[PDB]
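Residue numbers (the working numbering): 116 to 212.
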Amino acid sequence: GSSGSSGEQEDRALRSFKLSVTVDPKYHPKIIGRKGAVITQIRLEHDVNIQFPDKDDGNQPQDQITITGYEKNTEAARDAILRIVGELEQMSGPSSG
Numbered sequence: 116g117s118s119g120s121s122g123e124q125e126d127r128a129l130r131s132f133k134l135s136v137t138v139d140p141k142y143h144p145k146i147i148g149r150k151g152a153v154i155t156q157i158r159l160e161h162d163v164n165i166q167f168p169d170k171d172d173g174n175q176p177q178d179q180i181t182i183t184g185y186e187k188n189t190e191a192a193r194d195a196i197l198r199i200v201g202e203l204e205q206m207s208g209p210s211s212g
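Structure below.
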């Protein structure tokens with residue numbers, strides 16, 4: 116006998132997916148949360164890893180956010196970081212109406 120029915124998975128590479136979120140370093144310390152739960156929840160929610168740049172570093176971008184994980188999941192999480200910044204910008208702003 117001889118069989119071999121199995122579709123590729125190319126996971127090794129998928130998991131090695133790195134995403135970059137362009138967002139001012141001002142909201143960076145705002146997204147993380149008070150202690151660091153908010154950001155934690157999201158990560159686990161999508162099962163990804165979100166790491167922000169260190170200002171002290173400098174050479175590296177402080178507005179760029181690195182995120183590892185399944186290209187799909189990562190995107191699902193990167194959407195949040197933005198979904199917020201949007202509301203924040205307005206927060207404490209002149210709201211007409």
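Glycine is no exception: its CB is placed at the ideal position from the N, C-alpha and C atoms.
So the candidates are the options; which of them puts its Cα closest to the Cα of residue i?
| i | options | result |
| --- | --- | --- |
| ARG158 | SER121, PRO168, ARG193 and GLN124 | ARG193 |
| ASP178 | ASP126, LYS141 and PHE132 | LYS141 |
| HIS161 | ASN188, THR137 and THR183 | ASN188 |
| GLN166 | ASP139, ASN174, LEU134 and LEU197 | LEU134 |
I need the boundaries of the alpha helix (DSSP H) containing residue i, first residue and last residue.
| i | result |
| --- | --- |
| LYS133 | Taken as a continuous stretch (DSSP letters only), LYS133 belongs to no alpha helix (DSSP H), being part of the beta strand (DSSP E) at 133-137. |
Where do the N-terminal and C-terminal ends of the beta strand (DSSP E) with residue i fall, by residue?
| i | result |
| --- | --- |
| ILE182 | 179-183 |
Could you give the distance in angstroms between the alpha-carbon of residue i and the alpha-carbon of residue j?
| i | j | result |
| --- | --- | --- |
| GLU190 | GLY116 | 44 Å |
Answer yes or no: do residue i and residue j have a C-beta to C-beta separation smaller than 8 Å?
| i | j | result |
| --- | --- | --- |
| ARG127 | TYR185 | no |
| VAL163 | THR183 | yes |
Take residue i and list the residues in its own chain whose beta-carbon comes closer than 7 Å to its own, dropping the five residues that flank it on each side.
| i | result |
| --- | --- |
| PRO176 | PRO168 |
By Cβ distance below 6 Å, which residues in the same chain neighbour residue i in space, the five residues on each side in sequence not counted?
| i | result |
| --- | --- |
| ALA195 | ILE157 |
For residue i, collect the residues of the same chain with a Cβ closer than 8 Å to its Cβ; drop the 5 residues on either side in sequence, then sort them by chain order.
| i | result |
| --- | --- |
| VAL153 | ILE146 and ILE147 |
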